[PDB]
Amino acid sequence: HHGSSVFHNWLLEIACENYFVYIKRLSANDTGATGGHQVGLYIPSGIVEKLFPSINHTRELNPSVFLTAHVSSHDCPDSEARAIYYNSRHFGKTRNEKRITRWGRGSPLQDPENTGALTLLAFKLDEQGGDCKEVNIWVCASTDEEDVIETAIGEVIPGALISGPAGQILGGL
């Protein structure tokens, strides 16, 4: 059934490998619980600036790049997720935000019941200078797992996004 041992072990591995971490409570929109067709995750600007430089600009409309999404907390097929800069405010329209879509209908990131779930996305840094090519996801499945992270980094509050290099965010394990 798991308490939090497997979570903890995965955390230690992320903590000491070359990852940049994004931690949030999934919103109802992220998971699809709203009824909207976003089929993707809202991400803050700083994630793209550090992880996907090639898409970080306004000299082309809606640039995007692909990456492998692998879910570590759930048995779930991998997918080619798509990191996107919706930037139409520069092209005469209204959008100016970043997104990752294409998790798959069966992902915990597309399950309406994980709304409010404490999630951690571990982006694998490109040590050779380009775009992140891979993200490992963990959606906490219980309050037990939530306590491990929240004990370590403080409470995670909807809207209040946490991101940073693994060695810093998870240094307190």
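Note that residue numbering follows the sequence shown and begins at 1.
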**Request:** Name the higher of the two by mean Cα B-factor in the PDB entry, 71-79 versus 91-99.
**Result:** 71-79
**Request:** Can you let me know which of the two, 34-42 or 123-131, has the higher average C-alpha B-factor in the entry?
**Result:** 123-131
**Message:** Take the CA temperature factors straight from the PDB entry and tell me which of 15, 153, 21, 161 peaks.
**Reply:** 153
**Request:** Could you check 56, 136, 115, 62 and tell me which one carries the biggest Cα B-factor in the deposited entry?
**Result:** 56
**Asked** Hey, what third does residue 142 fall into on Cα B-factor, ranked over its chain?
**Response** highest
**Message:** Is residue 157 in the lowest, middle or highest third of its chain when residues are ranked by C-alpha B-factor?
**Reply:** middle
**Asked** Where does residue 148 sit by CA temperature factor within its chain: lowest, middle or highest third?
**Response** highest
